[PDB]
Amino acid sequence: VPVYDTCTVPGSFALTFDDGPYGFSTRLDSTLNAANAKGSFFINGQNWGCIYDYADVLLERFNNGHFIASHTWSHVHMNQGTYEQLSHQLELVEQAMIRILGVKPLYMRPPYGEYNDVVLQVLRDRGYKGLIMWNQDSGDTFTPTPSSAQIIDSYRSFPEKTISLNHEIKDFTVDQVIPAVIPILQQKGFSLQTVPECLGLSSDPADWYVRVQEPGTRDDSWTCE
């Protein structure tokens, strides 16, 4: 399975967000949508909330041209897992997306940026088309953590074709950094694209997923317990 860390489209720039959705996600998506900016979201199943509790955010995201991909169910260190454990960690996110959205993801980003040959083999066997890394880190999960002002200033020098790592579980990323950096990036000529678009893969959202069935209605299976 191909590994990607840099966009190819001239002028493109990918704002990407891990570990969500979260309690600030409707604000984040409103900010992106107001600027016609597209985000790439690498979601968990049970990590900072249960994916089924975020079904409405997920449906908005899915229907507004944002890219949704897997970050594993439990945010595991994938190099420590057996083939079977990793398959289960991916399957569980696939199943949530099937129930909520009717589709399976075709892409994923490994927690901690950690992957090996077992990970790549599982992704191949499960039909994934790519493993998505990044090439600039906002620093929003560094510890000690840089200030929002510092992170915004770093964004002023991230070049074209950046795939930037952010975490939407950080309130200041949603409320301070992204509202400041969207105009910085758009006004200097960058196109805020999803990762598949910026890789010269498809710009059609339907090409980022595999349709399985019609979206389900919430029932007692929509649980992480």
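In case it trips you up, residue 1 is the first one in the sequence shown, and so on.
When the C-alpha B-factors of 121-129 and 100-108 are averaged, 121-129 comes out higher. Note on 147-155 vs 83-91: mean CA B-factor is higher in 83-91.
Across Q213, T16, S12, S25, the greatest Cα temperature factor reported in the deposited entry is at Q213. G45: CA B factor in the middle third of modelled residues in this chain (values from the PDB entry). In the deposited entry, the Cα temperature factor of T141 sits in the middle third of values across the chain's modelled residues. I68: CA B factor in the lowest third of modelled residues in this chain (values from the PDB entry). Placement of the Cα temperature factor of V57 within the chain: highest third of the modelled residues, per the deposited record. Ranked against the other modelled residues of its chain, the C-alpha B-factor of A34 as given in the entry falls in the highest third.
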